[PDB]
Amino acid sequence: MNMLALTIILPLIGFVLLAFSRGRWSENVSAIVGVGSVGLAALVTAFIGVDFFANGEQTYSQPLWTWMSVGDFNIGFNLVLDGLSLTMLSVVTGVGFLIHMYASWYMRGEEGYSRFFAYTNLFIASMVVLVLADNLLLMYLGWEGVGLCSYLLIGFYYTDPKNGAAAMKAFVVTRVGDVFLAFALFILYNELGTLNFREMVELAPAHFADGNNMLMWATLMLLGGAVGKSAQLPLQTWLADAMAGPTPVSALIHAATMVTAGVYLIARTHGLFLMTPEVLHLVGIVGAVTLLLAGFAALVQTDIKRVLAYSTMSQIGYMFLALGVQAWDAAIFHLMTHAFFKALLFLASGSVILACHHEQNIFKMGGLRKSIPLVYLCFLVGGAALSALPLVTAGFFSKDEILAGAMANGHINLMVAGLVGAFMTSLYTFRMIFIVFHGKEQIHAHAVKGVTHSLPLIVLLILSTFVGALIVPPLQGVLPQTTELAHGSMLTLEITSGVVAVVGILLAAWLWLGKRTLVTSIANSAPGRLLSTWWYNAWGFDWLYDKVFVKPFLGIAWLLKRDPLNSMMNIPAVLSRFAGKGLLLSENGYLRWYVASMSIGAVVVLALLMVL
């Protein structure tokens, strides 16, 4: 331990190195340093995690210095390694390392190799900052750093307009979220003036004698931000388009990084949300609605990447339900399993959309089963864990523990919903899977094996199974409240889950695997078509936003392309130019005039003098 710093210094060093080495490096060397650093950061995460368990699970705080000082305003650069932190961190450097290898192979011979890897190193560094957040400010360095790197990697393939504009939808939205988070910070500092988790948690019950009015806002904004970075509603619109990025990215940011950051922040501030019941209740709610809408839509995506996307959105939805109903250990456990099998799913999706020569559309694909074994198998394992297959999948244990919290707290509506959602997930997941690997092989794929591809896929497959469920996050020593346990209903429940899951997979098999004549017939129907386009279109949100925000914003911008104020001010100048000419019209060399002028002027002087 005590090397908590290396878990940032490494990714950071890598980053600077790769960013100062533009193309001057052979794919193999920049791959070497890019993957390598993060690798050594994983290694250090292991060393420190081990010294942590051995040391007896003692909260470790390593203060680096003070980021800044004002009178009552003291913010510090401190790293706080506890159990939750160790989960976040382990996940990051691990899943990270893996995605780093798979990307290592995936990006061979491509615009800016060194560049991609630099950005990645910065993404890791940023995340690791985020997770070792002593306060909220250093954390905010985290969230911003993250959002940024995500903007860069999404909008990595700059040459195309659509790509970029996806990166910008990303940054804008994640930003607005980050503003809500801000407000959270400003309120929590005006009220407690410490912005350091533990202290806020104490001075919180102390100072909020008559709380439940300013604490409410603080937390609810913490939520705002959480929603933002986790793509929950209603800051979800940015997730779909996000798929415009290179696959390895859609793994990193989509499975083991950003969304997880949102949920994790909502976790660390558990004590604060607790003191504000209603908003924790909200957290739950939005989690639910999100997993639902997300599912329904994920059902219609004609694109591998985008299906997987609305998947990640629904899953994060689950996690937000787990949190919304005081099932913190459940939420985080699930976050881990989900990093596992979502990393798996996305890497695989890369190997496939690539092996199809950049096809990426399910329909223009097909019968891949025989063509590629490794990949097909991976989509089966993953897709199954995601579907929450009763055994051999950790995802089942996840969903379970979660609904165990849900029901276990008399929140049976979020429970029922969540189930409806398990049905949903199994269903769409396999619509995709079947449609991609079973049926008429339209594009003749072929396979290629290397360590830097196979190995990662293999480890992710392993950990994506029930074997993944073997690992358990040290969420007791941290103090996050234990979930209210259940029993006897634990089995009725569990089998209900397994049953809905299996019914799902089967029904998907019957729905597509044949002629699809039923599904096809029901697509062309009027209602089925209406809804079809609906769920296809993110439910209409992108529309509502582009219509009430983007359109009128740009509307103003066009409406003022020239400063109406600059002109409003040029008014006097004009008055004085034309006044100029006007008067000037009295010098006309006519002596007679000038004389008559003296005369009149005299007359005015006399009249005035008389009147006064």
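Residues carry their position along the shown sequence, with the first being 1.
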field: Stretch with the higher entry mean CA B-factor, where the candidates are 95-103 and 134-142
entry: 95-103
- request: Check the entry's C-alpha temperature factors for 200-208 and 121-129, then say which stretch has the higher mean.
  value: 200-208
- prompt: Which one of 28, 586, 570, 45 shows the biggest C-alpha B-factor in the PDB entry?
  reply: 28
- prompt: When the CA B-factors of 268, 338, 305, 364 are compared as recorded in the entry, which is the largest?
  reply: 364
query: Which third of the chain does residue 551 land in by C-alpha B-factor: lowest, middle or highest?
result: lowest
query: Would the CA B-factor of residue 183 place it in the lowest, middle or highest third of its chain?
result: lowest
Modelled-residue ranking by C-alpha temperature factor, third containing residue 327: lowest
query: In terms of the CA temperature factor given in the entry, to which third of its chain does residue 18 belong: lowest, middle or highest?
result: highest
task: Sorting the chain's modelled residues by C-alpha B-factor, tell me whether residue 609 ends up in the lowest, middle or highest third.
output: lowest
